[PDB]
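Colleague: Have a look at the structure that comes next, please.
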Amino acid sequence: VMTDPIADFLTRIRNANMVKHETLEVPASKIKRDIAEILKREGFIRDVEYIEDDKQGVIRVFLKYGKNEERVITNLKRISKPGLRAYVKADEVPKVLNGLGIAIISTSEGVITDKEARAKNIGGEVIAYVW
Amino acid sequence: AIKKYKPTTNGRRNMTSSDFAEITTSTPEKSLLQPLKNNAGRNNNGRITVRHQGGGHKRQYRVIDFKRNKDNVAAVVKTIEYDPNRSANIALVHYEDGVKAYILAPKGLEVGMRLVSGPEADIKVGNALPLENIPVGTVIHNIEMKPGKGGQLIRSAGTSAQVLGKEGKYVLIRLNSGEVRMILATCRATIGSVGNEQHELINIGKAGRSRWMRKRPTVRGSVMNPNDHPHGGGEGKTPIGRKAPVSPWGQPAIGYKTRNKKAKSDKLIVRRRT
Amino acid sequence: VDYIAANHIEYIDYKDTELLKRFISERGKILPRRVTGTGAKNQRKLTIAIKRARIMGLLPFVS
Amino acid sequence: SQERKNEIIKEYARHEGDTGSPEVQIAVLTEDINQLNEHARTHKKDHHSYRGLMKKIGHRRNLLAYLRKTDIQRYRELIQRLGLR
Amino acid sequence: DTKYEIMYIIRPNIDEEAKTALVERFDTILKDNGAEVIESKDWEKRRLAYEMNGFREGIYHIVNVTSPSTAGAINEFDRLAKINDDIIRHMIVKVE
RNA sequence: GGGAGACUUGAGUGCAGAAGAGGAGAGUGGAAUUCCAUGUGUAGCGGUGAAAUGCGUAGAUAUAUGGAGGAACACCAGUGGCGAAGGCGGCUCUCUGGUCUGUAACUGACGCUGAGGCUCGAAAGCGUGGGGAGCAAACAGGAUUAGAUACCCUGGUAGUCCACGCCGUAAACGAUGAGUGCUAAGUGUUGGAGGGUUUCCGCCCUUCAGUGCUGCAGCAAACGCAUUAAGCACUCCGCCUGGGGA
Ligand SMILES: [K+]
Ligand SMILES: [K+]
Ligand SMILES: [K+]
Ligand SMILES: [K+]
Ligand SMILES: [K+]
Ligand SMILES: [K+]
Ligand SMILES: [K+]
Ligand SMILES: [K+]
Ligand SMILES: [K+]
Ligand SMILES: [K+]
Ligand SMILES: [Mg+2]
Ligand SMILES: [Mg+2]
Ligand SMILES: [Mg+2]
Ligand SMILES: [Mg+2]
Ligand SMILES: [Mg+2]
Ligand SMILES: [Mg+2]
Ligand SMILES: [Mg+2]
Ligand SMILES: [Mg+2]
Ligand SMILES: [Mg+2]
Numbered sequence: 002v003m004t005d006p007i008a009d010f011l012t013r014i015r016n017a018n019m020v021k022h023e024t025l026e027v028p029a030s031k032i033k034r035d036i037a038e039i040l041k042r043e044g045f046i047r048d049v050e051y052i053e054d055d056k057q058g059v060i061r062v063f064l065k066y067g068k069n070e071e072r073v074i075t076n077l078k079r080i081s082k083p084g085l086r087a088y089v090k091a092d093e094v095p096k097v098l099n100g101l102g103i104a105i106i107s108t109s110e111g112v113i114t115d116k117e118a119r120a121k122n123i124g125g126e127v128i129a130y131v132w
Numbered sequence: 002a003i004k005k006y007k008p009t010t011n012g013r014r015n016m017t018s019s020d021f022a023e024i025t026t027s028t029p030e031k032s033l034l035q036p037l038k039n040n041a042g043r044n045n046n047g048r049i050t051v052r053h054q055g056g057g058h059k060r061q062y063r064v065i066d067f068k069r070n071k072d073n074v075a076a077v078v079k080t081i082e083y084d085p086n087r088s089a090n091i092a093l094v095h096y097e098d099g100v101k102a103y104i105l106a107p108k109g110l111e112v113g114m115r116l117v118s119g120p121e122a123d124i125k126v127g128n129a130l131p132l133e134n135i136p137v138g139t140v141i142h143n144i145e146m147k148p149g150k151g152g153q154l155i156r157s158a159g160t161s162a163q164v165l166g167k168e169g170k171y172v173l174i175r176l177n178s179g180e181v182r183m184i185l186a187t188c189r190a191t192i193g194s195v196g197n198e199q200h201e202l203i204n205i206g207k208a209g210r211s212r213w214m215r216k217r218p219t220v221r222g223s224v225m226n227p228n229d230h231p232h233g234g235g236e237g238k239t240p241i242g243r244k245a246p247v248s249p250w251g252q253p254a255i256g257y258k259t260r261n262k263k264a265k266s267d268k269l270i271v272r273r274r275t
Numbered sequence: 014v015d016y017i018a019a020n021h022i023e024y025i026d027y028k029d030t031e032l033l034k035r036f037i038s039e040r041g042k043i044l045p046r047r048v049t050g051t052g053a054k055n056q057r058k059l060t061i062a063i064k065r066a067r068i069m070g071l072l073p074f075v076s
Numbered sequence: 004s005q006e007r008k009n010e011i012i013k014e015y016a017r018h019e020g021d022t023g024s025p026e027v028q029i030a031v032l033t034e035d036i037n038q039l040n041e042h043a044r045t046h047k048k049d050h051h052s053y054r055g056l057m058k059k060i061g062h063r064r065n066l067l068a069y070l071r072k073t074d075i076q077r078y079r080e081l082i083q084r085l086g087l088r
Numbered sequence: 004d005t006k007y008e009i010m011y012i013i014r015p016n017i018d019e020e021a022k023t024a025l026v027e028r029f030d031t032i033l034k035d036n037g038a039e040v041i042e043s044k045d046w047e048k049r050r051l052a053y054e055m056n057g058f059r060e061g062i063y064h065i066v067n068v069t070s071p072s073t074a075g076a077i078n079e080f081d082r083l084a085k086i087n088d089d090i091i092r093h094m095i096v097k098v099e
């Protein structure tokens with residue numbers, strides 16, 4: 002059974018990106034929408050749209066590829082896992098490739114990138130790394 | 002089934018007996034009881050003719066109906082009873098005309114079965130038919146050797162014979178011993194096998210129990226004196242020290258056949274065994 | 014051609030010895046379904062019917 | 004037997020037309036379990052069938068655990084009706 | 004109930020009247036033991052593909068019956084048919 | 001994470017269907033082997049690399065008709081089916097488990113994994129009682145050999161079979177734990193489902209669950225795996241830390 006829909010979402014993106022698939026689809030959840038929009042506004046993914054269905058909804062991700070079909074997303078990594086949760090204090094927020102990547106972090110203020118988290122000086126659960 | 006006693010005492014150790022689960026009552030039929038005295042292996046001359054017999058518990062004889070020649074009416078099995086005289090259990094049966102009788106209890110017999118005897122009886126456990134009417138391959142017991150004499154063969158607990166075929170006025174039978182022989186087709190037999198199959202597996206356990214069952218001690222000939230037994234005598238333990246072991250009266254005791262060589266029944270015995 | 018399907022019969026009686034005879038070779042041996050062109054399901058049903066016929070003497074075991 | 008199954012379903016239905024529900028499933032499983040226990044005692048050496056019986060027992064246990072967690076009163080009522088522990 | 008079909012082989016020698024009596028006996032057996040004989044017929048009289056009990060010929064008889072599976076009718080028929088000499092061989096098969 | 005609700009996708013039920021050597025019990029059929037009986041019949045038969053032991057004039061082998069009994073189920077039969085695994089192949093009946101496909105009526109997360117436990121578990125082996133044809137450890141004899149406690153030959157007991165009860169191990173292997181999702185294709189085959197044809201048969205398209213083969217991406221020390229991953233991920237469990245001693 003699926004024990005980590007978030008990790009499943011990241012791996013779906015990773016697999017689709019590896020094959021350079023133009024788009025992908027996932028069952029919709031609030032955390033997944035947050036991750037998708039963060040990637041959108043960070044320019045990793047081309048676009049995001051939402052389909053309303055009767056089960057839980059669907060989120061469709063249009064991947065972004067650069068000139069020469071170069072992959073924008075080098076890789077994604079799930080940091081906090083159900084097996085072992087990962088929490089970082091405000092001063093512990095990490096840097097992904099010295100900022101060239103990002104870390105998606107869930108805080109009391111919402112799901113935000115590591116830049117924003119250390120701007121507000123708040124910690125949280127390190128959901129993922131992206132670069 | 003067989004119940005094993007816990008080794009509470011050296012005598013009780015390794016002892017086993019029957020649970021008598023099949024036995025439905027312990028009150029035999031007064032009309033069918035007869036008195037029996039313990040001959041203790043002594044004949045009219047008063048001499049011990051068969052050694053190692055005598056003593057033990059008192060018994061009453063139960064008149065068994067080995068003939069099964071009452072074909073008019075059906076017999077309802079009322080009870081399954083212990084019989085001190087034979088290894089197998091007996092069954093008290095009531096004929097619809099009111100005649101009470103005892104029969105051997107075949108394996109699988111149950112209270113309420115309505116047995117029948119005669120040529121037209123169906124082939125069911127406990128029924129009695131002349132051998133000519135019993136289809137080949139059937140398992141039977143309580144076989145009689147002469148018509149109207151009553152069953153003589155296959156009566157011990159758990160025994161059974163099988164019908165192999167017909168020929169002339171005779172019926173081919175395999176007896177419990179494995180011997181195949183012809184038996185007159187007008188002789189009767191009971192369908193099934195004798196119940197109480199477990200009897201063989203009882204472990205008597207102690208000497209006193211054999212004494213209850215009327216077996217007196219058996220003394221080995223090798224520990225008698227020369228005037229008592231051909232094996233008697235000799236200093237210390239001795240080997241047989243003869244051409245072959247012999248009974249107290251010199252009859253060889255291993256492999257020496259004793260069946261009469263001019264037996265009239267050789268003409269009917271097809272294949273021997275034992 | 015799956016003869017059973019072509020005739021469109023879903024029941025294979027073991028008394029249809031005429032039907033069964035076209036699936037057994039000389040010597041009474043059963044024919045492979047690759048040789049006979051039939052499908053697996055009808056092949057199994059034919060096998061059962063032929064064996065039942067053999068037992069009841071409608072067909073020969075050998076020769 | 005479908006007829007026996009349907010009568011049990013109607014008996015324990017939480018409401019009209021309720022084929023699936025903790026009570027109905029548990030009751031149907033209990034009857035199958037009892038019937039299959041008799042088959043097992045008749046065929047001690049039917050190990051393969053016994054495996055299916057164990058799976059039914061486990062599924063019935065899981066349904067009971069869920070029901071007790073969800074509505075303890077319904078759990079008590081069901082065990083009393085079915086004579087369970 | 005479960006539909007059974009019983010095809011059994013009567014020995015060729017038997018007379019017509021004895022054969023009829025045999026058929027009635029076995030039909031009576033089924034009905035008494037709780038089965039319902041929907042049909043019984045003298046299917047054919049055929050040479051056997053191979054000798055059976057010393058017979059190269061036989062009279063096949065078909066009885067279509069329907070009984071509860073628990074009922075002992077089929078078992079009792081099989082037992083009595085096995086015993087009876089008139090019947091060479093009987094086959095009982097479920098029919099859907 | 002807790003508490004009060006809601007939901008139907010996972011899970012299960014209902015309803016309608018499909019296949020099957022799945023299991024257990026009781027019966028039952030034919031070929032063949034061996035033995036037994038009886039004819040015919042005469043000097044060999046059998047066996048090896050070559051021989052011999054052995055069986056045979058007390059009539060063998062062969063051959064014909066029968067009889068007995070035991071074990072296994074030819075053809076079908078197929079990287080075919082079924083089972084969690086071990087494994088399951090004549091046929092019939094009785095009892096009985098699971099699986100698959102539709103459908104969307106029902107419940108509404110009820111699920112996954114699972115230490116310890118429990119159950120099952122080839123073959124051999126063990127206990128009690130049966131059975132015993134063929135095969136065959138041990139064993140006998142004939143060979144081969146320098147020797148041959150072997151390979152080969154002729155015989156042959158336990159065992160192989162049955163019932164019950166122990167045992168609890170196998171290169172028990174895909175030498176690959178279970179669950180879930182995602183990531184090119186091509187081509188067989190088993191069991192289904194829907195449609196477009198096709199008079200039907202049948203052909204084509206779609207689809208589910210198996211089962212093979214080939215082969216991208218990716219992985220790998222390499223060999224290779226590759227939608228039945230050894231790829232990409234998450235959960236739980238078992239297990240490894242130089243070789244020998246062991
Ligand atoms: K003792
Ligand atoms: K007695
Ligand atoms: K003595
Ligand atoms: K002495
Ligand atoms: K017969
Ligand atoms: K089934
Ligand atoms: K043994
Ligand atoms: K294996
Ligand atoms: K396929
Ligand atoms: K060391
Ligand atoms: Mg004595
Ligand atoms: Mg002395
Ligand atoms: Mg003397
Ligand atoms: Mg002496
Ligand atoms: Mg001395
Ligand atoms: Mg074994
Ligand atoms: Mg040898
Ligand atoms: Mg091991
Ligand atoms: Mg596939």
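Residue numbers (the deposited numbering), protein chains in the order written: chain i, 2 to 132; chain G, 2 to 275; chain s, 14 to 76; chain p, 4 to 88; chain g, 4 to 99.
Positions of the beta carbon are idealized from the N, C-alpha and C atoms, including for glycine.
I'd like to confirm the pairing. Which residues does DSSP put opposite i/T108 in its beta bridges?
Modeller: i/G111
Colleague: Taking the alpha-carbon positions, what's the G/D84 to s/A66 distance?
Modeller: 53 angstroms
Colleague: Give a yes or no on whether the C-beta atoms belonging to G/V172 and G/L132 are separated by under 7 angstroms.
Modeller: yes
Colleague: Should s/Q56 be labelled buried (16 or more other beta-carbon atoms within 10 Å of its own) or exposed?
Modeller: By the neighbour-count rule (16 or more Cβ atoms within 10 Å), s/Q56 is buried.
Colleague: Comparing alpha-carbon positions, which option in G/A264, G/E198, G/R43, G/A41 lies nearest G/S88?
Modeller: G/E198
Colleague: Less than 6 angstroms separating the Cβ of G/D20 from some heavy atom of ligand 2?
Modeller: no
Colleague: Work out the CA separation of g/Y11 and g/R92 for me, nearest whole Å.
Modeller: 6 angstroms
Colleague: Measure from the C-beta of G/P136 to each C-beta in chain g and report whether the shortest distance is under 7 angstroms.
Modeller: yes
Colleague: By DSSP, does p/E14 sit in helix, in strand, or in coil?
Modeller: helix
Colleague: How long is the line joining the alpha carbons of G/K170 and g/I17, rounded to whole angstroms?
Modeller: Approximately 24 angstroms, taken between the alpha carbons.
Colleague: Compute the Euclidean distance between the alpha carbons of G/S248 and G/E97, then round it to the nearest angstrom.
Modeller: 53 angstroms
Colleague: Taking 6 angstroms as the cut-off, is the CB of G/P107 close to at least one heavy atom of ligand 13?
Modeller: Answer for G/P107: no, Cβ out of range of ligand 13.
Colleague: Whose CA, out of G/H142, G/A186, G/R189, lies closest to the CA of G/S178?
Modeller: G/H142
Colleague: Whole angstroms is fine: what's the gap from G/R182's alpha carbon to G/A122's?
Modeller: 25 angstroms
Colleague: According to DSSP, simplified to helix, strand and coil, what is g/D45?
Modeller: strand
Colleague: Please classify i/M19: is it buried, with 16 or more other beta-carbons within 10 angstroms of its beta-carbon, or exposed?
Modeller: By the Cβ neighbour-count rule, i/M19 is exposed, with fewer than 16 other Cβ atoms within 10 Å of its own.
Colleague: Chain G beta carbons: is any one of them nearer than 7 angstroms to that of g/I86?
Modeller: yes
Colleague: If you draw a straight line from the C-alpha of i/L64 to the C-alpha of i/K41, how long is it?
Modeller: 10 angstroms
Colleague: Rounded C-beta distance between g/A76 and g/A38? I'm assuming under 8 angstroms.
Modeller: That belief holds up - the Cβ atoms of g/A76 and g/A38 are roughly 4 angstroms apart, short of 8 angstroms.
Colleague: Along chain g, which residues have their Cβ under 8 angstroms away from the Cβ of s/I68?
Modeller: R92, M94
Colleague: Taking the C-alpha atoms as reference points, what is the distance between G/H53 and G/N40?
Modeller: 12 angstroms
Colleague: Determine the DSSP secondary structure at p/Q83, reduced to helix, strand or coil.
Modeller: helix
Colleague: Taking Cβ positions, are g/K48 and g/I65 nearer each other than 7 angstroms?
Modeller: Result no, Cβ atoms of g/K48 and g/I65 do not sit closer than 7 angstroms.
Colleague: Return the chain-ordered list of same chain residues with a C-beta closer than 8 angstroms to the C-beta of G/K238, the five sequence neighbours on each side being excluded.
Modeller: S223
Colleague: With distances taken from CA atoms, which of s/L71, s/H21, s/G50 is nearest s/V14?
Modeller: s/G50
Colleague: With p/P25 as the anchor, note down where its alpha helix (DSSP H) starts and where it stops.
Modeller: 25-45
Colleague: For the beta strand (DSSP E) that contains g/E8, what are its first and last residues?
Modeller: 5-13
Colleague: Buried or exposed, going by whether 16 or more other CB atoms sit within 10 Å of the CB of s/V48?
Modeller: exposed
Colleague: Under 8 angstroms between beta-carbons, which chain g residues line up against G/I124? List them in chain order, please.
Modeller: Those are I86, listed as they occur along chain g.
Colleague: Taking C-beta to C-beta, are i/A29 and i/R79 nearer than 7 angstroms?
Modeller: no
Colleague: Rounding to the nearest angstrom, what Cα-Cα distance links G/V64 and G/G209 in this structure?
Modeller: 29 angstroms
Colleague: Give the list of continuous beta strand (DSSP E) stretches no shorter than 3 residues that lie fully inside the stretch 132-187 of chain G.
Modeller: 140-142, 162-168, 171-175, 181-185
Colleague: Taking G/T191 as part of the beta strand (DSSP E), name the residues at either end of that continuous run.
Modeller: Going by DSSP, G/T191 is part of the beta strand (DSSP E) stretching over 189-192.
Colleague: In whole angstroms, what separates the C-alpha of i/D35 from that of i/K82?
Modeller: 17 angstroms
Colleague: Which of the three DSSP states is assigned to g/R50 in this structure?
Modeller: Strand at g/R50.
Colleague: According to DSSP, is i/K65 part of a helix, a strand, or is it coil?
Modeller: coil
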